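Structure, as structure tokens:
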Amino acid sequence: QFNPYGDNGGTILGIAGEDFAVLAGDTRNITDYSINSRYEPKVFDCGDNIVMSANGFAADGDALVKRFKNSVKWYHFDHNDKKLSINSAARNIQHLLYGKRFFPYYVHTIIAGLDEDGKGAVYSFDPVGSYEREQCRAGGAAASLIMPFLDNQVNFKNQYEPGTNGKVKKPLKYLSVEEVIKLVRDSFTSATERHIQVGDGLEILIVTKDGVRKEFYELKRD
Amino acid sequence: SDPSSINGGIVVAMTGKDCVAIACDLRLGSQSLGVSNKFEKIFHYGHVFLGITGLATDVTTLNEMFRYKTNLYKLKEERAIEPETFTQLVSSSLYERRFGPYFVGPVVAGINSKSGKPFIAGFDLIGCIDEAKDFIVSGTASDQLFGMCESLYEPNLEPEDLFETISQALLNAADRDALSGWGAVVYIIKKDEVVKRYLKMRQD
Amino acid sequence: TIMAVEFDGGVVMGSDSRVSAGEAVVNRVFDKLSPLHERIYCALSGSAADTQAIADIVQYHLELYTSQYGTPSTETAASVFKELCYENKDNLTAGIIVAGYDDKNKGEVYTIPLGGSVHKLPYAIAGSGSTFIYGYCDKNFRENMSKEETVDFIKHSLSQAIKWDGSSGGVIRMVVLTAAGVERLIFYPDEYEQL
Amino acid sequence: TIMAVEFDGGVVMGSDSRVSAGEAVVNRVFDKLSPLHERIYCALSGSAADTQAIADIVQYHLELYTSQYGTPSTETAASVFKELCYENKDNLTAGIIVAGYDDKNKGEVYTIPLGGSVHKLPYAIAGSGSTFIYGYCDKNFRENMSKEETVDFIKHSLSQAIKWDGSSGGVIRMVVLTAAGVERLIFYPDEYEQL
Amino acid sequence: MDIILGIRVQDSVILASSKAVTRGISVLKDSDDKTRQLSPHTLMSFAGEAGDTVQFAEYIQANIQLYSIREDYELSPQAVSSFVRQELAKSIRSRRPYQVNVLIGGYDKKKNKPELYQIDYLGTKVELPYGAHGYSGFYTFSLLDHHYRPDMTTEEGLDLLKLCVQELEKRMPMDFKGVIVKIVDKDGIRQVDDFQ
Amino acid sequence: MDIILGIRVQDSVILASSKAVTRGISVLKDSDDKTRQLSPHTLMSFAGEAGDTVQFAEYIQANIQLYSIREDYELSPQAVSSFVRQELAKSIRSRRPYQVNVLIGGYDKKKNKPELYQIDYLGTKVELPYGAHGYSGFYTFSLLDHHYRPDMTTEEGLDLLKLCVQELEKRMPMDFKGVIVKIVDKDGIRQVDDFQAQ
Amino acid sequence: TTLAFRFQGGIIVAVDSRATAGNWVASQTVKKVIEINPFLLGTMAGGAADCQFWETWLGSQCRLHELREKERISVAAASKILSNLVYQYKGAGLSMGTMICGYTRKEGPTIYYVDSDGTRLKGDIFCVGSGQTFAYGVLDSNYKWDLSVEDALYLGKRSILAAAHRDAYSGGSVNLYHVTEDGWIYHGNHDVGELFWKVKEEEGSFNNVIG
Amino acid sequence: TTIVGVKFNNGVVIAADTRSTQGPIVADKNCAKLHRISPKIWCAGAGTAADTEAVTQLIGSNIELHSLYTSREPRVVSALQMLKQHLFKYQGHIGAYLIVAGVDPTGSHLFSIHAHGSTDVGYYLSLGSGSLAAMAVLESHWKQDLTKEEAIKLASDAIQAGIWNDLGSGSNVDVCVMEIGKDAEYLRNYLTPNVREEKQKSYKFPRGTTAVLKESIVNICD
Amino acid sequence: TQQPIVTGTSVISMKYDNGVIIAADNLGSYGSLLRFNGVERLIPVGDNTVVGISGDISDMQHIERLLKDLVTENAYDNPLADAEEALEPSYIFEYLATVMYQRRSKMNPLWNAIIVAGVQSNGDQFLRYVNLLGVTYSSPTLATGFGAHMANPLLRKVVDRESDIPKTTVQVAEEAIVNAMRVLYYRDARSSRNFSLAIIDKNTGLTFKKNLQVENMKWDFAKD
Ligand SMILES: *C(=O)[C@H]1NC[C@@](C)(O)[C@](O)([C@H](CC2CCCCC2)NC(=O)[C@H](Cc2ccc(OC)cc2)NC(=O)[C@H](CCO)NC(=O)CN2CCOCC2)O[C@@H]1C
Ligand SMILES: *C(=O)[C@H]1NC[C@@](C)(O)[C@](O)([C@H](CC2CCCCC2)NC(=O)[C@H](Cc2ccc(OC)cc2)NC(=O)[C@H](CCO)NC(=O)CN2CCOCC2)O[C@@H]1C
Ligand SMILES: *C(=O)[C@H]1NC[C@@](C)(O)[C@](O)([C@H](CC2CCCCC2)NC(=O)[C@H](Cc2ccc(OC)cc2)NC(=O)[C@H](CCO)NC(=O)CN2CCOCC2)O[C@@H]1C
Ligand SMILES: [Mg+2]
Ligand SMILES: [Mg+2]
Ligand SMILES: [Mg+2]
Ligand SMILES: [Mg+2]
Ligand SMILES: [Mg+2]
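Protein chains in written order, with the entry's author numbering: chain Z, 1 to 222; chain I, 1 to 204; chain b, 2 to 196; chain N, 2 to 196; chain J, 1 to 196; chain X, 1 to 198; chain Y, 2 to 212; chain H, 1 to 222; chain a, 1 to 224.
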């Protein structure tokens, strides 16, 4: 019988700074045990300073990112060049996803940008459009490997002040863009080591008030 | 259905400078229902430590079985079993039930009393030996532990440090697993002495 | 068991005469060669219902074509079959060979297997009995044979397919398409079995 | 694709050289003609595991036969294969041809299909690729051919079976069984494809 | 399922067991004792598949009684639970496993302490302050996580049961026809006849 | 299943209906009224699939209430039962049938006689002296077969139910949390508020 | 794990904050309460998308009722829109268990349980989700009508903590709401992480854990 | 897994990758798949890892016993006949797939065994998820009359095709060389082309970071 | 939902300094029977694009007709059909990618793997893959069916990453492609000796090579 879904592997990771946000993914695309591409980008600049990745079944990923980019173009036409706030993006994607509730997009999607107060923001979505804003989130094949590390090193979970008898929690003092990239690169060197569907390339898109910058790093190719 | 997913539970072992460490959660559940907050998964036979994860009736049975086999060993050999040897006994004991196996993921830790070399190993339920120098992970949050250990672990950690590293790897991986947590215990093993510490952790 | 072969004077079409329902022979003297125009024939293999429904629709399409645009090419006849078999592939179990003679391109043979694909060929074999005669047909087919050699090649080929395939039997019917018109040939067991 | 043919001199056994795991070729150059005795050989088709395990047991039984009662007949070798294949029919997927030569009876060919049945035949085809050469083999085999005629009849036969069957390919090996003894023959693609 | 509770207080173990026996559409009996005395200071309650339940209880009873006469000695509660777990642990990998869950409430005369053992049909043994088998657990565990103290008297422990049995009469879909209650303490096993 | 009882006496019809609503392992409510007033002298009790039960009841109600205003007149119990039977008999051959069983108890002011109709989810209708739906009937029919008389007073009718509910509290495995009891007579519909120990 | 109960002092609403994908813990920082209007709360349990999308859609339909009829929508009529919606999707595989909790002058304080089966029930006490039984356990054995706001808030919090502890598929934190004549008041987010130890000490309960 | 056998003019070499996986997860970044049945008869397996290891040790122990019993060097056709007859008995329920290479008094040999008890022979073989990638390198570069240095090069390059193009295979290359004259030589980590890059950050926690309820010394002695 | 009947095996492809190369054997299989030996699976569109198709052959002939129509349609009211507004590889690919994904979404797929190889009007090499699920990717080497498993490993030794494309000549890349086709004949049971090859070079244009054969096979080691 024909099966309308596949799994093209890969992994994504959003982290929110005070006045910036990063969305990063690997650039590897796989089927079963074969590599399709070592460099097939998966994170996208959709404009109005929003970046988006729809990781999972790459076909449902490409259809969704396509339909959102078109939502952004028609929002400009229909509302006199007004800028699509990240919160408004999120809700629009909810409707995009939920419209296919009984034949879903097999993707876990994240978006990053700035809210209307200039603070960094990360929204993440289940395949049928459940969504929530968050400080950080990893999605895809290695999500179960990285999310625990993010809890520990981004949100300081299970960590306390030395010699306070585990009564004073470590304060949430917040991360610089240099420090966030360090955690992202380690998060991917780790996933690449322990997940066979992760490697080849790491693409990071950084969103500040001055726009969208891209960084690229090699990863192991086994 | 899946015997390895009824009760839940996790074990992890790490090596350090002249020392090993082994930790487990304390949860014993029946699917969604947590039942006991006091079910230890780490046991010892002399100076060889075994953690077990999986179906809790097999965790109990295997412990009783290795105590039996290690007691007879000691009476005949006139010395305690060593980690390298115990690992081979666990391996062969599991492969013996090949077409009816114990639904467990065992983990051995200890220091060879002669050589003083730190040693850890892990097994699948039919007894394949996974011998790594760095760390060994098992249970319903094995995915999360793999990611926590890979990131956090550096070689040649002093016992005091290794204690923070294994504790942080367990706590954070357990908090991302429905079927693990409900308290944890951590053994810090050196040639001469062994310290056992209960960790404060989220009780949900 | 059905086949068409492209020779010097035109093209030749042959078939067994068996209609079966399981292992019961329903008719042992059926005619599986059906005319679509004056010089264009089809050979039917598969479901009796599915093949007969299709042949009737193609016939209609070529009678309407003729009324409007004069004589259709053999290629055209094949394209109508292909279109029906391709678009209804979920509900059809038909294998069809199409053989035609005009004065421009002389003899042509087209084959439309289960999927709905079209294959132009010097000769085509099809049906259950065909599996047994691939080796024979491939070692024995030549281009630019005579009418007498081509009838011989097809008589022998189908003879072996009837012998080996329990889903084939009876008489061998043939149709010869040349400038001169349409010639109907029959060969009975007593002639072809002793080859 | 495997066959044996009974000629004047004695008997010839042929096979392709293909071992496959679905559409993957595991080995393109495998020998499927194993000796049971000095001038008795078997040709194997079916499961690799099942045919090897049975070939080894037949061999063991004929080595013990020879120790106690001397030279076994071909009939006797066929009989042991039958016995295994029949009594273990529920667990075995193996189709076996046995060809041997002694000085009283000369050349003999036995075939043992999935049933566990035995059939003594002038020639024998078996394996996936045989379906395509039934017509060609029936039409081209006659009694009391020479070694060279028989090597040619097999060469052409397996050539066709390889060309049409995707489960068959590689080199044609043959083994010639005469009063002289055993002669091994191999034929590479560049020879047999251009037939 | 049938209702099988137990709770260990300061100086005793209390077992509460439902009195209903139902087959398809009819309650056949409304006064059923889902308990066997194993030895004068050890009591086992049980619930599960129809015949298995008593057949397993009586087989254990026989064996512990035999041991008593042979050694003219009462096995500790720890020893008896260990015996029972091993029988079930064998049972699960046999041709037709015993489908029976049990609580073992005992008073250890050596240590002068009550002990409550919860054991499922897989041979999953654990010692608890309070335990339950089947759907009961879902209501009674969080209830007793609130209202349980370790130094409670036998009287405070009966009150604590009344509170569990009312919650289950209110919120559980099965009419289980109330419970028979037994106390296991230093003087042995007695039945509270007046829980109605 | 839930408990749906009806019994027709001399001058009234008495419907008795379980107060329990149970999803899976939790009794959610213990005071459910499994009945809608269709007209001032016609009452319908219902049990079946979670959603369909009330959706069907309230739909019938609206239609009967509409008919009442349009004709300024109350349909006979016989007429209401025939309307309801036909609605179900359509539902049974539709894409997703209403899985709802009903009793209709009504007092016909033209005939001056009480009437009890039992109708299953297929559109099977019958007039009965006493009726039941689900497992309840396995006990009550043989009970009433013994203790029923057609000339009974409404007061006797209620003792005959108290006898049916005790038998069900004894022998059925479900806790159905007792019954709500309604009388339909020449004076309309009233709820017997003291059945908790009558 | 969600609950709502009615008492002398209005309504108490308490919910956990955990999202699961089987045995994977997806989040511990989730809102399970929709604030529909200053006097209407909706609770979410079941499919994450199904709850969020349709309780947001209820929010729109309620606003549309205010513009049209120049009147705040009744709890009865709000519960019945969601009820009637859900009923159209019956058999299709929607999954939601929800309490519509609100105050109108006409109705007084009112709670409606509505579930994806079509079931719509008025009541004083509901608990909804995988954790419901754990919550009922504590709630049903401490409930009176005559509790103080302070005590009723606590019982609601303490009943979610209870289920957070035992139910593997509940936890993170307790969100608390109080619904009066003057609308809903939010009584804060309480991380089970720190709440459990503060309660176990102060209350002397949870004796089963070593601490 | 990727394993290869290559015959050369005076013996035979085998090679394997060093990656062990639990589903999509890399369990051991460097595990030795190269085992000895006897001093000059080596083994490499794929399929159920407990089955390959277990079946290797059993035939290895029986071969030792047989060696002592006949006062003769173990032969390869013995290890072959024993594996074959054992795997066949268990109808493929023992998920062992092996390449066995070795030298003995009769010459040098290269065979392969599948779970059902089929055996293969050839001048070059391969097995595992990396089978097809390795076989493509072998089919392209193999020639008759290979030297030792050429056969190590060819077998090593076949394992790389696996490491790079197969998700089931990676890390380093193990090689065993068995020459007819000399002792078998085992080159653990012959190639290490997948070294992890130095992390961006040290994750050493300040001491006392973890909350401890209860402490106690454990008694190991009497 | 269908099942493929007459089917074609691996299409293999790679890009080199100045263009792209693509090849595919001339076989139409019918299960295990090697039925049709005259089948072209390289479809040239204009003079800057070749489309290689694997899988169901009837669905291939449908995509053949769709591409001829696309050439016709583009000529309509287009006095620049042979200049600035000629069809591109990127244009032809995005159409097929659209159509494949719609057909999977209607649960009636075209049972194919397609590689579109070409040179764009600005000289850039174009190589991209789409199949019955609508899944798409690019890589300096692409292959379908068996060729993903055997060809990609061999062609990746010549071009591992993007930086190697300016270092690879037509000679080196064509040689790698003909070698890969030989290996596939050795090890793919549904393969043929007879194959077609196409080169799209930004200078020499479109070279389309018919009736090629795998030569220089090693079988001689067999006899022992
Ligand atoms: C050579 O290769 C011959 N092989 C023999 C044969 C008989 O199978 C057949 O294909 C022949 C084709 C001609 C076509 C022109 C009409 C006469 C027959 N086929 C049949 O005779 C056909 C067998 C068949 C049935 C069904 C299917 O697939 C569904 C394939 C083949 N016979 C029938 O259909 C009989 C006709 C009774 O009047 N009906 C049934 O078997 C009833 N079945 C219908 C399908 O559902 C099951 C019941 O000739 C070729 C050339
Ligand atoms: C001519 O007709 C040839 N056609 C080719 C072929 C392959 O079918 C075969 O029968 C050939 C026979 C030789 C005999 C001498 C020993 C080598 C094999 N058979 C195979 O290659 C065989 C195919 C096969 C497998 C299974 C079954 O039924 C269960 C029938 C045929 N190959 C294998 O068995 C490979 C061996 C790998 O070393 N492995 C598998 O197929 C894997 N398992 C098979 C059981 O199912 C689970 C997977 O030659 C004839 C003459
Ligand atoms: C108390 O009883 C809580 N128990 C926790 C929990 C998680 O089970 C749940 O029911 C919760 C409801 C809340 C979650 C937070 C948003 C508001 C709603 N449900 C989930 O978290 C939900 C579980 C679930 C999945 C599937 C189904 O049947 C379809 C029922 C429940 N999680 C999800 O839906 C995840 C979200 C994060 O990944 N996503 C999916 O399951 C995606 N699949 C959904 C089904 O369709 C295919 C895609 O909270 C109660 C109150
Ligand atoms: Mg990797
Ligand atoms: Mg947890
Ligand atoms: Mg072939
Ligand atoms: Mg238990
Ligand atoms: Mg929990």
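All C-beta atoms, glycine included, are put in the ideal place defined by N, C-alpha and C.
With a 10 Å radius around its C-beta and 16 neighbouring C-beta atoms as the bar for buried, classify residue i as buried or exposed.
i	result
Y/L68	exposed
b/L65	exposed
N/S147	exposed
Z/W74	exposed
J/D193	exposed
Z/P162	exposed
Y/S131	buried
b/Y61	exposed
a/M107	exposed
X/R96	exposed
I want to check one thing, is the minimum distance from the CB of residue i to the heavy atoms of ligand 6 below 7 Å?
i	result
a/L34	yes
N/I163	yes
Would the beta-carbon of residue i be found less than 7 Å away from any heavy atom of ligand 2?
i	result
X/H133	no
Could you give the C-beta distance for residue i and residue j, rounded to a whole number, given that I count them as a contact under 8 Å?
i	j	result
a/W219	N/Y189	5 Å
Y/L177	Y/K158	6 Å
N/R174	N/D57	No, N/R174 and N/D57 are not in contact; Cβ-Cβ is about 20 Å, not under 8 Å.
Measuring alpha carbon to alpha carbon, tell me which of the options ends up nearest residue i.
i	options	result
J/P150	J/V13, J/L5, J/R95 and J/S81	J/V13
Z/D186	Z/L150, Z/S176 and Z/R137	Z/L150
Quick check: is any heavy atom of ligand 4 less than 7 Å from the C-beta of residue i?
i	result
Z/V198	yes
Any heavy atom of ligand 8 nearer than 6 Å to the CB - residues listed: The set of residues with CB atoms less than 6 Å from any heavy atom of ligand 8 reads, in chain order, I/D204, Y/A165, Y/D168, Y/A169, Y/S171 and Y/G172.
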